[PDB]
Each structure stands twice: as structure tokens, then as C-alpha cells.
Amino acid sequence: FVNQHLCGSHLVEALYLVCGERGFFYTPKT
Amino acid sequence: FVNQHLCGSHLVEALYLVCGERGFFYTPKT
Amino acid sequence: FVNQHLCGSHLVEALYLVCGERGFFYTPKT
Amino acid sequence: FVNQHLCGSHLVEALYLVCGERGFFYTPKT
Amino acid sequence: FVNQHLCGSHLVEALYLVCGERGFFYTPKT
Amino acid sequence: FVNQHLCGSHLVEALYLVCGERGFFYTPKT
Amino acid sequence: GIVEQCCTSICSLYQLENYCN
Amino acid sequence: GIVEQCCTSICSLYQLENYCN
Amino acid sequence: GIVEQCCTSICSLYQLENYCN
Amino acid sequence: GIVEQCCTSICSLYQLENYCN
Amino acid sequence: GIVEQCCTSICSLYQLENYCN
Amino acid sequence: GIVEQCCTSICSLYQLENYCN
Ligand SMILES: [Cl-]
Ligand SMILES: [Cl-]
Ligand SMILES: [Zn+2]
Ligand SMILES: [Zn+2]
């Protein structure tokens, strides 16, 4: 695949895509 | 604020907006 | 909730979310 | 341009694109 | 990665993400 | 209509909108 | 209206343009 | 849960706020 | 306006309600 | 095709990758 | 190309049609 | 974290899986 910058709501769109049913955590404080 | 009908990636969108820098966990059923 | 930068189509997504059925105006000329 | 089937936030998206800097009003029925 | 149920603009989103800088072609049936 | 900056996934959203059924190519290497 | 029309059947960009300020 | 609830019927921003970290 | 309040500067969801009809 | 397949049933990222240039 | 015409520079919806099939 | 790995820097889809549950 590829490597790009993924920021903000675009980051969480991508996580939704990749994780889907597995679910995910978005934790910007790290 | 008003009630929401949110499905697929649109939920993850709303969660991003609502939580901001605290982030969130997206956990669907099975 | 939180405070973030909301620009362009992300601004109008947020307005849709918050206003919903009430409807809204997006007027960048102010 | 082609005809559009637009629902929920996707309408507000299209309106953003079409109107640009003039902005727009989003006014749903009840 | 997980299986995807993608419709309308959400397909074009996924394709953008998957292909990145190589880009892609979006070709629906009739 | 209008003239704005269209970048990344926002570019391909716009192409989807304009082209629709015709389909399109997104080729950032040009 | 336009909101319901674009969702229930179809809609054109030209009709959408009526909603710009 | 919230995922299914927001999709199947409706959901509020306040209920969504329960899912922030 | 909204762009200055929300994009250039920073705004809350409650502020965004200022622009509902 | 892929457009209809991803919408009507399901689709994988690997199948989508076939559509990159 | 499209990125230069539309992202780096500025483009219209009519220009975007240049990239339809 | 994810923001540094993926937004400030550059990341792959395989890296993004690091943050699935
Ligand atoms: Cl949908
Ligand atoms: Cl952006
Ligand atoms: Zn964006
Ligand atoms: Zn959608």
C-alpha cells in the first residue's frame, strides 16, 4: 500500500477503515 | 444540541468532534 | 466538550451535527 | 455535471463545494 | 485488515487511502 | 459556481460529485 | 424541499446552487 | 451499544460523550 | 464571523449553535 | 464491478488495491 | 496535473470535469 | 503516539492496525 499524512478526522476515518469491526482507540494525548 | 442518526464512518466523525483532544474509543458489537 | 479548529467542509460537517433539523447558515463572508 | 443522490451530511458537503465562499443555507423540512 | 461495506463517496474515500500517491480510477457500472 | 483549493480526499470527494456515474481518474503523479 | 428531494429522489448541482447566499 | 443504537434508532451528543477518554 | 471564530480561532460546540436557524 | 460489489455485499482492501494506478 | 491545477492552485467545478472518464 | 506516527510523521495502513482493539 502507501504512506501519507493522516490528520484529525482523516486519521479516525482511516482507523475506522482498517479496524472496522475490531474497533479502535484514538488517543491523541498518546 | 439535536438528536443524531449516525451510521458507519459518520459515527466516528461525530465522536471525533465531540471528544476532540481527549480522543475516544470506538467499540462496535461483534 | 472540547475546542478545536474547524475549517472548510469540516466546519459545515460540525454545523450539520450540532444544528441537524434546525438547519443552519454557513456564511464565510460573515 | 451529473445528477446526485445526496443524503445526510453528504448534502451539506455538496452545498459547501457548489457555493464555496458565498456560503449557503441548509434548511431541512421539520 | 477487515472486510468493507462501502457505498457512494465512502468507496472513493477508501480508494484514496489505499492507493495514496499512485492514485486510482473510479469506474462504476452504467 | 466557485473556485477553491481542493486537496487530498477533498479533491476526490469533489471528483466523485462532478463525475458521478461517468467515473473518474485521480492521478497525482500527473 | 431540496434536502428531502436530493435524498428521496435525485438532485442536480444547478438546483443546489439556488441555496448559496 | 452506542454504535448500533445511533444507527438503528437515534443518538444524542451527550451519550456519545460517554465514549471520550 | 464563523470562520474567524471557529477556523482561524478555536470554538466550542455551544458556539457552533450560534449559527443554527 | 468493485463499485457495486463493495456496496451490495462486502469488499476487501486488497481487492480495492487492484484499482490503484 | 490535477493536484497542481486544483490543490496548489485554484480550480472550478468545470475544470474538475477534465478528469472524468 | 498515533498523531506523531501518522499525522506529524508518515504511516502505513499496517501501522494503523497498531491502534485497533
Ligand atoms: Cl449512507
Ligand atoms: Cl484538511
Ligand atoms: Zn480535511
Ligand atoms: Zn455516508
# chains A, B, ... in the order shown; residues from 1 in each chain; ligands from 1

$ residues_near_ligand --ligand "ligand 4" --cutoff "10 Å" --atoms "only C-alpha atoms and all ligand atoms" --output "PyMOL selection string"
(chain B and resi 6-11) or (chain D and resi 6-11) or (chain E and resi 6-11)

$ closest_atom_pairs --of "chain F" --to "chain D" --cutoff "8 Å" --atoms "only C-alpha atoms" --output "tab-separated table"
residue	atom	partner	partner_atom	distance
F:1	CA	D:18	CA	6.0
F:2	CA	D:20	CA	5.6
F:3	CA	D:20	CA	7.1
F:4	CA	D:20	CA	6.8
F:14	CA	D:17	CA	7.2
F:17	CA	D:14	CA	7.2
F:18	CA	D:1	CA	5.4
F:19	CA	D:2	CA	6.4
F:20	CA	D:2	CA	6.2
F:21	CA	D:2	CA	7.4

$ calpha_fit_rmsd --fixed "chain I" --moving "chain J"
1.1 Å

$ interface_residues --of "chain L" --to "chain E" --cutoff "12 Å" --atoms "only C-alpha atoms" --output "ChimeraX atom specification"
/L:10-18,20
